[PDB]
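In: Experimental coordinates for this protein are included below, preceded by the sequence.
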Amino acid sequence: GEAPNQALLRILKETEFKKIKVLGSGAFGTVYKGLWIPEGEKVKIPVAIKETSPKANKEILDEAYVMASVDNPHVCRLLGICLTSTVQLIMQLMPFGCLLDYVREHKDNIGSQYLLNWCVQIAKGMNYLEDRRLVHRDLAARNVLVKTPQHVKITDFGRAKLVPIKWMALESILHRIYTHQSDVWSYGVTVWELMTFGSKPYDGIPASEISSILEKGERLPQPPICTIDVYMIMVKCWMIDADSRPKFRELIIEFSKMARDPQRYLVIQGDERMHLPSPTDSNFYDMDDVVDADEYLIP
Ligand SMILES: */C=C\C(=O)Nc1cccc(Nc2nc(Nc3ccc(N4CCN(C)CC4)cc3)nc3ccc(F)cc23)c1
């Protein structure tokens, strides 16, 4: 019929890793920063540890099912699960948190190159999720994580298949339809979020009123930094006719083209001399034996 999913599900021992602090909590479950030390490998790998009704455990083993079945540079890396009283997912730690916060906090140091290259990196993320016939159904700036400033990854597959009203297509809102082309829409809102530096979309309109405002032809405005070239590309994602919207494959191409002359398509004051932390900086980075998950492959 179709192709067998021969992904592997690593079961880790609650002793093979240690929690360091908490990163955040607030949904009958918590995220720690920790370290995972494969028994006998002489490596230390930084992780995020996500963590008991009977429903709860089935819903998280489903997330894990899916993360287990992805490998892309722009899709959060799932390392394994640990079968404590509570099921917990061990994921590659993403140090700079999520992009939505990142752009608010560092607003005044983000250059057009950074914006355009995040835009590319998510088009790749999602073009891959499409390659894998996967529909995210909750792409937003909140659900992209920052490994380095130069490298972001998509996460929260709590909704992925094969509610956040202000992010979703028309046909989604009205007929519960979801496609890779429903996902292209949210890609467009997500990008508006970056261009506006973490502004809130439709800031003021209760989601009850959203659907009709769209039915009128009204959409999200043109970020000030945005040339018409970029804002045009936002807009094509927001056609009602979903086959007119662009393909992640074509979104990669178009942002990659702009990321050759970023100053020509995004206009930021003093865009010129804007630095963000970097892996070739001495600050960035005990710490003995530490490897990135993205360099720790099959045991
Ligand atoms: C924008 C939405 C949002 O807030 N996401 C979010 C908040 C807390 C925790 C997680 N999950 C998560 N976090 C991280 N890395 C992370 C979280 C928080 C912080 N800040 C920085 C400074 N102070 C100390 C407060 C904490 C930094 C870094 N990484 C991952 C990696 C994988 C994963 F599945 C979840 C994850 C999200």
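Out: Cool, the structure landed. Residues are numbered from 1 along each chain as shown.

In: need the strands for the stretch 51-200 of the chain, in chain order.
Out: For the stretch 51-200 of the chain, the strands identified by DSSP state E, counting those that start in this stretch occupy 78-83, 87-92, 144-148, 151-154, in order along the chain.

In: Isn't residue 114 up against residue 149?
Out: Yes - between residue 114 and residue 149 there is a contact under CB atoms under 8 Å: 6.4 Å. For the C-beta atoms, the positions are set from N, CA and C on the backbone; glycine is no exception.

In: Now do the shared contacts for those two.
Out: Contact criterion CB atoms under 8 Å, 6 or more residues apart in numbering; residues shared by residue 114 and residue 149: residue 276.

In: how about the residues of the protein near the ligand?
Out: Proximity of the chain to the ligand, by CB under 6 Å from any ligand atom, involves residues 23-24, 31, 48, 50, 76, 91, 93-95, 97-98, 100-101, 142, 145, 155.

In: Out of those residues, name the ones that lie in helices.
Out: Counting by DSSP state H, the members of the residues of the chain next to the ligand that fall within helices are 100, 101.

In: Show me which of the residues of the chain next to the ligand are buried.
Out: With neighbours counted by 16 or more other CB atoms under 10 Å, those contain buried members at 23, 31, 48, 50, 76, 91, 93-94, 98, 100, 142, 145, 155.

In: Residue 30 contacts residue 48, correct?
Out: No - proximity of residue 30 to residue 48 does not meet the contact threshold set by CB under 8 Å, at 10.5 Å.

In: where exactly do the helices run in this structure?
Out: Here the chain has its helices, by DSSP H, at 54-67, 99-106, 112-131, 170-175, 180-195, 207-215, 228-236, 248-258.

In: Looking at these, which is nearest to residue 83?
Out: Proximity to residue 83 (CB to CB) singles out helix 54-67 among the helices of the chain, at 9.5 Å.
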